[PDB]
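1. as a preliminary step, the opening chains of the complex are given here in situ:
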Amino acid sequence: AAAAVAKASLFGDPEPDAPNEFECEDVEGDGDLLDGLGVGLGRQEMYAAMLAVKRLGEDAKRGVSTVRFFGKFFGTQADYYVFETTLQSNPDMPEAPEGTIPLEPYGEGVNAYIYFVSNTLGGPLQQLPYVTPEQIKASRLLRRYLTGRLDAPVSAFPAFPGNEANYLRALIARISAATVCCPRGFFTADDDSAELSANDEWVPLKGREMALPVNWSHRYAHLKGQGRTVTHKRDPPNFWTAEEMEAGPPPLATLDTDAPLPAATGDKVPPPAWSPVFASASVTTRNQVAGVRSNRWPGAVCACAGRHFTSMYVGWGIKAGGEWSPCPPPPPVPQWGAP
Amino acid sequence: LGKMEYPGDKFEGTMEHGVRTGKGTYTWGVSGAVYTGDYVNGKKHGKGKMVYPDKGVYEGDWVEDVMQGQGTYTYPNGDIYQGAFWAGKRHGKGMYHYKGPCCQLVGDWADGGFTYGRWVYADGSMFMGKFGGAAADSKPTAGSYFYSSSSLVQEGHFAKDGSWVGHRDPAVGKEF
Amino acid sequence: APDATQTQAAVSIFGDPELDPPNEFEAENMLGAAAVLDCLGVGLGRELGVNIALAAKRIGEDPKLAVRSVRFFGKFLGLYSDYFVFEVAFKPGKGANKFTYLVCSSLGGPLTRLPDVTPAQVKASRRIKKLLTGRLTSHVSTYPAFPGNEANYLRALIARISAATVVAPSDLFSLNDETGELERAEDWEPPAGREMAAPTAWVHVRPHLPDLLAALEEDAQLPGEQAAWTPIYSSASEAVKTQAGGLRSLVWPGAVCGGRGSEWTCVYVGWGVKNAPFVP
């Protein structure tokens, strides 16, 4: 009864401070493109989402410098509306203990963005905690329905190191490093650093040819098997393991070069990682918006019309493809002999 | 009480007519292993504690210089086995308790591998049935799951891929 | 048993036709036009915007009706049927008869080419104040005689509404001193959304039947110092970063213009009547 009043208080002006300065996106234009394709949350939901981005960005206590609406996770009892942000002042991250692989701090790699979440649009936003690589790997072993409560337990076996807030945060890390992508040629990657730079000599591609996965490129760093966007090779005194020597895809790698899904029964051709999605039935329709659609993470979509491109996730959080099996127990330790 | 040193191993215990008969604390000075326990005819027999070079600690029964009978082994990763031994391996009825995942395996063992019984998790969810044994890595083969959060049981088996194949729908049940 | 022929036509504008190369015509972004008008809350909506874009594609790609450019004029509400009006250019032909107006009682149905307009029936239609009957062959006015039927009166109303309320944002079209035509500017950066709702932002692009590219600021005001164009806004709060803006016509109620970002549009949706007192 109070959440409806908050979501209506998103609209208009508050009746009788100073607002915060931030940089959002054209969330109404994002809703226009995704309504053009047929994916996303619908056009009235994206307007309330734009006003929730407005409320999160104007709050002076939060101190946000940039907001992007990540998307929506479906849970059993409540949903999750997820907003990705950068803050004006990063929180303190505790140092990881000895023996474990270290953490990517705030503003670097998998913790480059602070994720806020609510259960309704305009409701109370709770900052999700930072993510660790052990949570990413333990989330890779899991396949769970979310419940909508940020304090529910996840699983006993496999041992996940947190509650549902940490599991949602690991899902956001995995989906963000794999499905948020930019049109090809819109950015250029530095050959020294890892940061991007928007080039000025880019031409938009006309209409339906932005439904080709050769025309998109991952704008975020690839999330390795270790649980880090940049693998951590420990200091040696034929030594390093396979997880440390994983030099993955190059920056701004296209969606044509993603690994296909494992082959399902009935067809020996592996399904592609990305499918086209079209706005119009006819090829000859003027001013078409087009985009690609993720098959590994179903619910993740991308869209482009001119210089205006979106990427958005609306899903259950489930990785698909049939490459999940229930986890076996750890092998019981052999004795001292061990032939 | 003939404390005999070796060119170096250090025995400290009683000897009856040259050989070890009684309690004695033999120490391997090459590998670091020690044994404090009983002796028959210069060999390990009866009971005694054995610590190994990989810091595994055995406390239990001995028949002729090999782990037999009932015992308690403690592994270098903190895993604890309690139950029947044969031929120096896990064989019979036993309980293997992990340290990390805190789950445990209770039931029939065969040649160091778990071949039948229950595998209960931390929260009370279990898989009961026939496991892979020593040929596999004690992987589950055929039986039924109970998950306690959903309170659902399902009978099925595992395919060669490793994926669960249930013979029917899940159903509301108890913890077997 | 009801016939389906209107609905067969309206579904025939969708998809590919079941089977000649179609010609290359010039149209505005009509889906963006429907988006701008739905942000401002004027026009015909989004669904009919899709229908209008598809029907204008059917008009434009017709190889037998070789068309230089298609534009949607608007909708004339009538007593018995309505009029969807499309203006075309075809690759006598100067002045108010520069564009040809094709009307249809429903989108996708059979199109009727309106006759060319003469200034005599323009002056004759400026006296009368009638409601359209939705049939192009009907007697118009008895005691003041009108020279044509309702097709001619509809063409005269279209000519007057065109000369009054068909605009474009300022510093977008320049008049060529040689050819006498409107040359679009390539480096036209549009203003903000709320800055579109001023009459200084828009200029005419039609002959007066004010000059050619005269702004909407310099119009004949209504009595009481009332400006002839009122603002319309996409948002009630001025803190929404990206929004739209435009103008309503007070002289011709139903004639709107608008702009969001770099997408601008104009339409007339009305009854054809002018907001002016009728003297007999």
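-> Okay, I see it. Numbers count the residues shown, from 1 in each chain, chains lettered A, B, ... in the order given.

2. is whichever strand or helix holds residue A:28 in proximity to chain C?
-> Taking DSSP states H and E as the definition, one finds residue A:28 inside helix A:27-37. Yes - Helix A:27-37 is in contact with chain C by C-beta under 8 Å from any C-beta of the partner chain, via A:28, A:29, A:32, A:36. Bear in mind the C-beta positions are built from the backbone N, C-alpha and C, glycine included.

3. residues of that helix that come out buried?
-> Neighbour-count burial for helix A:27-37, counted by 16 or more other C-beta atoms under 10 Å in any protein chain shown, picks out A:27, A:28, A:29, A:30, A:31, A:32, A:33, A:34, A:35, A:36, A:37.

4. for the stretch 51-200 of chain C, what spans make up the strands?
-> For the stretch 51-200 of chain C, the strands defined by DSSP state E, counting those that start in this stretch cover C:70-76, C:83-88, C:100-104, C:112-113, C:167-169, C:173-175, C:182-184.

5. ok, how many other residues are close to residue A:222?
-> For residue A:222, the tally of surrounding residues (other C-beta atoms under 10 Å in any protein chain shown) stands at 17.

6. no, scratch that, I was asking about residue B:48
-> Counted with other C-beta under 10 Å, residue B:48 comes out at 20.

7. was I right about it contacting residue B:37?
-> Yes - here residue B:48 reaches residue B:37: they are 1.4 Å apart, a contact under C-beta atoms under 8 Å.

8. can you add distance to residue C:75 and give the residues of helix A:27-37 next to chain C back as CSV?
-> Output for the residues of helix A:27-37 next to chain C, formatted as CSV (distance: C-beta to C-beta, whole Å):
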residue, distance to residue C:75
A:28, 26
A:29, 27
A:32, 23
A:36, 24
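
9. kindly reformat the residues you listed as CSV containing distance to chain B.
-> Formatted as CSV, the residues of helix A:27-37 next to chain C follow (distance: C-beta to the nearest C-beta, whole Å):
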residue, distance to chain B
A:28, 41
A:29, 42
A:32, 41
A:36, 39
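
10. rewinding a little: reformat the strands of the stretch 51-200 of chain C as CSV; add distance to chain B and mean neighbour count.
-> Below are these laid out as CSV (distance: least, C-beta to the nearest C-beta, whole Å; neighbours: other C-beta atoms under 10 Å in any protein chain shown):
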stretch, distance to chain B, mean neighbour count
strand C:70-76, 57, 23
strand C:83-88, 56, 23
strand C:100-104, 58, 19
strand C:112-113, 64, 13
strand C:167-169, 61, 21
strand C:173-175, 66, 15
strand C:182-184, 62, 12
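
11. pipe those strands into CSV and attach distance to residue A:279 per row.
-> As requested, these are arranged in CSV below (distance: least, C-beta to C-beta, whole Å):
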stretch, distance to residue A:279
strand C:70-76, 20
strand C:83-88, 23
strand C:100-104, 25
strand C:112-113, 31
strand C:167-169, 27
strand C:173-175, 30
strand C:182-184, 26
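
12. and chain D on top of that:
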Amino acid sequence: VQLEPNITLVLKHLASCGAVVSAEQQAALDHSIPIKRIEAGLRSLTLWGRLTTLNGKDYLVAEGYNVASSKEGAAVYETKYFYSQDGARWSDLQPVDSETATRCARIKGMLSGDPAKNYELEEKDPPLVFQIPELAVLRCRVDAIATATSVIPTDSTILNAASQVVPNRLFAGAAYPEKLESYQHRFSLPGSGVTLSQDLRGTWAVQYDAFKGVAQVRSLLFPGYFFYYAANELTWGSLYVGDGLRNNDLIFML
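-> The block that follows adds chain D to the chains above:
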């Protein structure tokens, strides 16, 4: 048979007539109308319409009622109106006295859009001046339109044993939706037989799409009042978009 007219279906079926509402205003109405319906304790509350203003801040008007009873041979609905200029928060829109109704009916032209604006108007001093607030003129125009049109389908409401006008849940449908005799005023009694065909001839227009089953009724006397009746789904609804003025030149237009 519907219970209450649905705003999304009204906007969908009447967007062909130009009777459209802004994207923000539609999104805001979807949240604001149930809040004000619960808050004001009204059984019904729908968007009555929108009135165009000079500054652009249009007046969204909603109406609602609890009881609808037969009094003096007419179906009186005790309607409370509400206004907003953003579609988010709804104010009261208080009623207007009878002399002030006669005075505000002489204010022509489109409203200004400032609720704290007073139109000065002079009389003969039986000179006298009177400042009439713009909310009063707004309530006057909404009352004149609502007593003029208020279109429901004929026999869509029934008169119960408690002498109240309740919706006929067994409503079969309009037999001929292309006719004016299938539609009546809301303030006409069930079983009286005062349809829209018994108005002044030439104040209404009906366009019926016989295939899809959707009829649209348009008021000629108040250009801007629209009504739809979809016969396959048995769903009707009405809306007023435009300034609140009356077409006083209707005998010259036909």
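
13. can you name the element that comes right after the helix holding residue A:28?
-> Remark: after helix A:27-37, the chain's next helix or strand is helix A:43-58, criterion DSSP H and E.

14. so how far is that following helix from its chain's centroid?
-> Counting by C-alpha atoms, centre = their mean, to the nearest Å, helix A:43-58 is centred 19 Å from the centre of its parent chain.

15. please apply the same query to stretch A:40-55.
-> On C-alpha atoms, centre = their mean, the centre of stretch A:40-55 falls 18 Å from the chain's centre.

16. repeat that for stretch C:107-127.
-> 14 Å.

17. and it, end to end?
-> Terminal residues of stretch C:107-127 are spaced 31 Å apart (C-alpha to C-alpha, to the nearest Å).

18. that one near chain A anywhere?
-> No - for stretch C:107-127, no contact with chain A is found by C-beta under 8 Å from any C-beta; the gap never falls below 14.4 Å.

19. okay, buried residues for that stretch please.
-> Here stretch C:107-127 shows C:107, C:108, C:109, C:111, C:114, C:115, C:117, C:118, C:121, C:122, C:124, C:125 as buried, counting by 16+ other C-beta under 10 Å.

20. which helices and strands sit right next to the helix holding residue A:28?
-> When contacts are defined as 3 or more C-beta pairs under 8 Å, 6 or more residues apart in numbering or on different chains; DSSP states H and E, helix A:27-37 packs onto helix A:43-58, strand A:290-294, strand A:300-304, strand A:309-315.

21. pretty sure residue A:322 sits against residue A:264.
-> Yes - using C-beta under 8 Å, residue A:322 is in contact with residue A:264, at 6.2 Å.

22. quick one, phi/psi of the closest residue to residue C:32 other than its chain neighbours?
-> Excluding its sequence neighbours, the residue lying closest to residue C:32 (C-beta to C-beta, 6 or more residues apart in numbering or on different chains) is residue C:263, at 4.0 Å. Main-chain torsions, residue C:263, degrees, to the nearest 10: phi -110, psi 120.

23. and the one 3 residues further on, by the same measure?
-> Taking degrees, to the nearest 10, you get phi -140, psi 150 for the backbone angles of residue C:266.

24. so how many other residues sit close to it?
-> 26.

25. now it: how far from chain B?
-> 60 Å (C-beta to the nearest C-beta, to the nearest Å).

26. mind listing what that residue touches?
-> C:165, C:166, C:167, C:168, C:255, C:256, C:257, C:258 (C-beta atoms under 8 Å, 6 or more residues apart in numbering or on different chains).

27. hmm, the first one is touching residue C:249, no?
-> Translated: residue C:165. Yes - counting by C-beta under 8 Å, residue C:165 does reach residue C:249; the two are 4.7 Å apart.

28. throw chain E on there as well:
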Amino acid sequence: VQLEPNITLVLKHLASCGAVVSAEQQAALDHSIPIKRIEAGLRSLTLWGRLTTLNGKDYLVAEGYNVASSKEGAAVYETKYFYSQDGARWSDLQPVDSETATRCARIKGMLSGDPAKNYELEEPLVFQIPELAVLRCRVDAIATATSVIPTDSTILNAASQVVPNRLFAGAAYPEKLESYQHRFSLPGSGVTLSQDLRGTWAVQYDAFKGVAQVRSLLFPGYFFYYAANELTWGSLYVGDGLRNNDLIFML
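-> Once chain E is put in with the chains from before, the structure reads:
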């Protein structure tokens, strides 16, 4: 009380569930559903759902029926199914044989989007199954699984035909699974969605607006809404069409 589910309202209320159809083919549905309803001679014809493909030309599936009668203790609806890839033309979605349905059910993965593709199975000897057979088998597997209406929405008249309840007052507790039943459960039988497997349905009831959303969990993508103030319900499937067989690990 609605007579038939309204496509604008199901796409309005289930839009936040991700069950959205494209802007062009929604208008194409608005023109083409009445055409196929009239030429097929169906009393009701609604959009059943949308099944996603690999080439992006998704199958819009529609469902229609004339009669709805009590056969053998079940509300059997004699439903016909149609498909489309553009929203404008509707082809028949023919029924599949009993032995062919098992072969179709063993075919996993997303559909390809070509109505002429044959999938092959090996059980040695190979079998070729058309993609429309896989589509019809996935559609009626979902339809026998879910088919959600509110309880007491229908009555059984004197001729033993399942007709809608005109005097349906509404679900008293819309937040409960007791308010909702399958379409094939007889009226007055007392079989609701609470008598399914526990945990296969998720209900979210917005207590203020009176809009409840029942989501299937065996078939993720089946969405149902019930608006209590409007007395308006409707459902739609959006997804690849595959059953969640890992359900005991999901919950």
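
29. show me what the helix holding residue A:28 is in contact with.
-> Contacts for helix A:27-37 (C-beta under 8 Å, 6+ apart): A:40-43, A:45-47, A:49-50, A:53, A:69, A:277-279, A:289-291, A:301, A:303-305, A:308, A:310, A:312, C:31, C:35, C:242, C:261, E:20, E:22-23.

30. ok, stretch A:257-270 next?
-> Outside stretch A:257-270, the residues touching it (C-beta under 8 Å, 6+ apart) are A:213, A:249, A:271-274, A:295-296, A:320-323, E:106-110, E:112, E:119-121, E:129, E:134.

31. show the buried residues in the residues you listed.
-> Counted by 16+ other C-beta under 10 Å, the contacts of stretch A:257-270 give A:213, A:271-274, A:295-296, A:320-322, E:107-110, E:112, E:119, E:129, E:134 as buried.

32. go through the chain and flag its longest strand.
-> The chain I'm using is chain A. In terms of residue count, the longest strand belonging to chain A (DSSP state E) is strand A:64-73.

33. not quite, go with chain D.
-> Per DSSP E, chain D has its longest strand at strand D:59-71.

34. how close does residue C:26 sit to residue C:60?
-> From residue C:26 across to residue C:60, the span is 8 Å (C-beta to C-beta, to the nearest Å).

35. what about the two, which has more around it?
-> Legend: neighbour count by other C-beta under 10 Å for residue C:26 and residue C:60, higher for residue C:60 (22 against 11).

36. is it correct that that one is in contact with residue C:66?
-> No - the criterion here is C-beta under 8 Å, and residue C:60 misses it with residue C:66 at 9.8 Å.

37. might one say that residue D:189 is in contact with residue D:71?
-> No - using C-beta under 8 Å, residue D:189 makes no contact with residue D:71, being 10.1 Å away.

38. so who does residue 242 touch?
-> Here I'm looking at chain A. Contacts of residue A:242 (C-beta under 8 Å, 6+ apart): none.

39. that's the wrong chain, I wanted chain C
-> Residue C:242 neighbours (C-beta under 8 Å, 6+ apart): A:26, A:28, A:29, C:193, C:260, C:261.

40. hang on, residue A:209 in a strand?
-> No - counting by DSSP: H, G, I helix; E, B strand; the rest coil, one finds residue A:209 to be helix, located in no strand.

41. now do the contacts for it.
-> A:215, A:290.

42. and for residue D:137?
-> D:104, D:107, D:111, D:119.

43. how far away is the first one from residue D:98?
-> According to C-beta to C-beta, residue D:104 and residue D:98 sit 11 Å apart.

44. nearest spatial neighbour of residue D:104, skipping sequence neighbours?
-> Residue D:104's closest residue in space is residue D:140 (C-beta to C-beta, 6+ apart), at 4.1 Å.
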